[PDB]
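Colleague: For the sequence shown, position 351 (counting from the first letter as 1) is numbered 350 according to PDB author numbering, and the numbering increases by one without interruption.
Ideal Cβ positions, reconstructed from N, Cα and C, are used throughout, including at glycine.
Once you've had a glance at the structure underneath, I'll fire off some questions.
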Amino acid sequence: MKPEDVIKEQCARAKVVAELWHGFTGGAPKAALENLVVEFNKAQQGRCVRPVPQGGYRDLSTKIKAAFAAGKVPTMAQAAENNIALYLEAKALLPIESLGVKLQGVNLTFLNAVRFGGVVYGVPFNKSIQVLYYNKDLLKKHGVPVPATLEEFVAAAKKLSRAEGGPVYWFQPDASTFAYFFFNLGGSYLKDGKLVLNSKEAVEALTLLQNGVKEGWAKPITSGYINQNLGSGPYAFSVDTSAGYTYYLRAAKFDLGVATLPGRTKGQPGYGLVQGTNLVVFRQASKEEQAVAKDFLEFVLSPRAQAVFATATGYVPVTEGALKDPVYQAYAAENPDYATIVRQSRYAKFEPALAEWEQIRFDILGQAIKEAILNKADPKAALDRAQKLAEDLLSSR
Ligand SMILES: Nc1nc2c(ncn2[C@@H]2O[C@H](COP(=O)(O)O[C@H]3[C@@H](O)[C@H](n4ccc(=O)[nH]c4=O)O[C@@H]3CO)[C@H]3CC(O)(O)C[C@H]32)c(=O)[nH]1
Ligand SMILES: [Cl-]
Ligand SMILES: [Cl-]
């Protein structure tokens with residue numbers, strides 16, 4: 000009896016049903032969301048949440064845009080900060096504090112990101128941070144400390160790749176992995192208000208990755224997630240979302256390590272990219288649906304819900320109270336990777352919260368990165384093309 004079957008039964012008997020459109024395809028993220036919902040729906044008297052999978056996040060934004068064109072929107076959806084800026088163009092979003100949802104205690108790294116013109120429009124829900132995954136066994140085998148600096152990280156990848164006859168730093172050639180190198184080389188996407196994709200720190204970041212392919216220390220992954228490719232050739236390291244934790248744990252045939260990111264110096268860890276989503280509440284929803292959403296949002300921000308969701312997934316607990324919950328404490332005392340995830344969440348950067356950013360990051364910036372890595376395009380030429388295509392897209396709206 001699958002949690003989604005139990006939810007279908009709950010919603011059938013309910014007097015009111017708030018749909019929640021999401022981008023979890025399966026694994027621990029989809030399961031944790033549904034177990035949370037089952038427990039919520041049990042607690043209510045004929046008022047229920049119905050999670051509806053819409054594919055991935057890009058499929059979810061496409062289906063939400065189509066739902067507006069049809070005039071049939073869900074009560075709630077997942078939304079990254081760029082999707083919030085898009086939905087605010089249509090004044091489609093209910094301010095969260097208008098429902099009476101208390102947000103005291105929500106980590107300000109997460110709450111500042113959902114605040115637009117001083118108004119909170121989203122509840123942080125599944126917020127990830129990039130971490131350093133590694134092969135504890137392969138580092139021990141060659142006497143290599145877990146690198147704390149970018150310099151150390153490059154040296155380790157060179158040493159281990161030479162020892163093992165193959166590139167040990169695995170990466171997707173995408174905007175998320177670029178962001179780690181960009182940010183920690185001192186890059187910023189906004190210069191005096193303007194989006195800039197071809198800055199010298201962008202060129203430096205893409206050049207480092209392309210040189211790591213050429214020098215035989217970096218392995219581009221082109222088919223599936225890094226965790227779906229383990230087993231083929233030697234693996235030492237990747238830089239990847241904390242929501243990958245359970246997928247890495249299931250796939251790895253070696254002893255898996257999680258570390259804080261290599262930074263410019265030992266003074267501080269490297270910044271990680273914040274990914275994952277907020278829950279938003281649509282204005283088009285019925286007052287009765289919005290009251291369900293208010294209850295469900297106060298449930299999701301409860302310390303026990305935050306403790307169960309974060310320990311099941313490797314998402315970052317979004318509240319201070321979650322770290323004080325005994326279920327979280329018992330997990331963390333048995334598994335030091337939860338503390339390492341939280342520690343990394345202190346050193347956290349976001350991508351621009353622009354309405355156009357989904358298209359930009361995938362179809363323009365993502366594409367320039369694949370052109371340089373997979374087709375050996377000059378990094379500067381590839382990013383100059385991305386700059387002009389982004390400038391054309393921004394000016395057209
Ligand atoms: N639409 C839109 N997408 C965005 C934006 N910024 C980033 N992203 C995408 O969000 C994923 C990170 O979100 P996160 O919740 O941290 O992680 C996801 C999955 O990544 C990850 N996962 C799933 C299966 C698996 O084998 N391994 C695994 O790691 O687990 C989670 C549940 O699906 C990136 C990765 C991507 O999905 O492949 C493309 C990128 C944005 O601004 N807009
Ligand atoms: Cl493996
Ligand atoms: Cl990308």
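1. Output the distance between the C-alpha atoms of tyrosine 234 and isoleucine 95, rounded to the nearest integer angstrom.
2. At the level of alpha carbons, what is the spacing between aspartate 254 and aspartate 136?
3. CB-CB under 8 Å to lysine 379, same chain, minus the five flanking residues each way: which ones, in chain order?
4. Do the region 205–215 and the region 92–111 meet, that is, are 3 or more Cβ pairs less than 8 Å apart?
5. Just to confirm my understanding: we take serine 160, look at its own chain, exclude 5 residues before and 5 after, and list those with CB closer than 6 Å. What are they?
6. Identify every run of the alpha helix (DSSP H) within the region 255–317, keeping only runs that are complete inside it and at least 4 residues long; order them along the chain.
7. What span of residues does the alpha helix (DSSP H) with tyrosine 224 cover, start to end?
8. Beta carbon of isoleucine 128, beta carbon of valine 273: below 8 Å?
9. Using 8 Å as the Cβ pair cut-off and three pairs as the minimum, do the region 339–352 and the region 255–267 touch?
10. Taking the continuous beta strand (DSSP E) assigned at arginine 49, which residues delimit it?
11. In three-state terms, what does DSSP make of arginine 396?
12. Excluding the five sequence neighbours on either side, which residues of its own chain have a C-beta within less than 7 Å of the C-beta of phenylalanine 39, listed in chain order?
13. Can you pull every residue whose C-beta falls closer than 6 Å to some heavy atom of ligand 3, listed in chain order?
14. Start and end of the beta strand (DSSP E) containing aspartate 239?
15. At what residues does the alpha helix (DSSP H) containing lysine 101 begin and finish?
16. So does the region 18–30 actually touch the region 74–84, counting three or more Cβ pairs closer than 8 Å?
17. Determine the closest residue to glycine 271 out of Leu184, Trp169 and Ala68, with distance taken between C-alpha atoms.
18. Give the single residue among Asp383, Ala389 and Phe349 whose Cα lies nearest to the Cα of residue 397.
19. With distances taken Cα to Cα, identify the nearest neighbour of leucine 92 among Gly275, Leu393, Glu355 and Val118.
20. Could you tell me if the beta carbon of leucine 229 falls within a distance shorter than 7 Å of some heavy atom in ligand 2?
21. Taking just the CA atoms, how far does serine 301 sit from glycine 320?
22. Can you tell me which residues form a DSSP beta bridge with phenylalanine 115?
23. Any heavy atom of ligand 1 closer than 7 Å to the CB of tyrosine 56?
24. Evaluate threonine 276 with the Cβ neighbour count: other Cβ atoms within 10 Å of its Cβ, from every protein chain shown; 16 or more gives buried, anything less gives exposed.
25. Under the three-state reduction of DSSP, which class applies to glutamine 129: helix, strand or coil?
26. State the start and end residues of the unbroken beta strand (DSSP E) segment that holds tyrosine 168.
27. With distance defined between alpha-carbon atoms, name the residue in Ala354, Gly365 and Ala371 nearest to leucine 393.
28. Grab me the residues of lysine 29's own chain with a C-beta within less than 6 Å of its C-beta, minus the 5 sequence neighbours each way, in chain order.
29. Find the nearest neighbour of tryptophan 356 within the set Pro325, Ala338, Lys193 and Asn334, judged by alpha-carbon distance.
30. From the DSSP output, read off the bridge partner residues of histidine 21.
31. Taking buried to mean at least 16 other C-beta atoms within 10 Å of its own C-beta, is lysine 348 buried or exposed?
32. If you reduce the DSSP assignment to three classes, tell me which class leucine 194 lands in.
33. Using DSSP with H/G/I as helix, E/B as strand and the rest coil, what is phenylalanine 124?
34. Could you tell me whether any non-hydrogen atom of ligand 2 is closer than 7 Å to the CB of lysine 7?
35. State whether the region 3–22 contacts the region 59–74, with contact taken as three or more CB pairs (one from each stretch) at a distance under 8 Å.
36. Nearest to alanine 174 by CA position, among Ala367, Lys286, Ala154 and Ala242, is which residue?
Modeller: Reading from the atomic positions:
1. Spanning the two alpha carbons is a distance of roughly 44 Å.
2. 6 Å
3. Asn197 and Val202
4. no
5. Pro166, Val167, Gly215 and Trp216
6. 286–299 and 302–312
7. Where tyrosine 224 is concerned, there is no enclosing alpha helix (DSSP H), given that its DSSP letter is neither H nor E.
8. yes
9. yes
10. 46–52
11. coil
12. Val48, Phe295 and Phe298
13. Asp173, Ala174, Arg360, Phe361 and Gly365
14. 236–240
15. Where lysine 101 is concerned, there is no enclosing alpha helix (DSSP H), given that its DSSP letter is neither H nor E.
16. Taking 8 Å as the limit for Cβ pairs, the verdict is that the region 74–84 does touch the region 18–30.
17. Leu184
18. This structure gives no information on residue 397, because the portion of the chain shown stretches from 0 to 396.
19. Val118
20. yes
21. Near 8 Å, if we compare the C-alpha coordinates of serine 301 and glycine 320.
22. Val118
23. With a threshold of 7 Å, the Cβ atom of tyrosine 56 counts as near ligand 1, since some heavy atom of the ligand is closer than that.
24. buried
25. strand
26. Going by DSSP, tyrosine 168 is part of the beta strand (DSSP E) stretching over 168–170.
27. Among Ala354, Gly365 and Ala371, the Cα nearest to that of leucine 393 belongs to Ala354.
28. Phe23
29. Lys193
30. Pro52
31. buried
32. strand
33. In this structure, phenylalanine 124 counts as strand in the three-state DSSP scheme.
34. no
35. yes
36. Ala367
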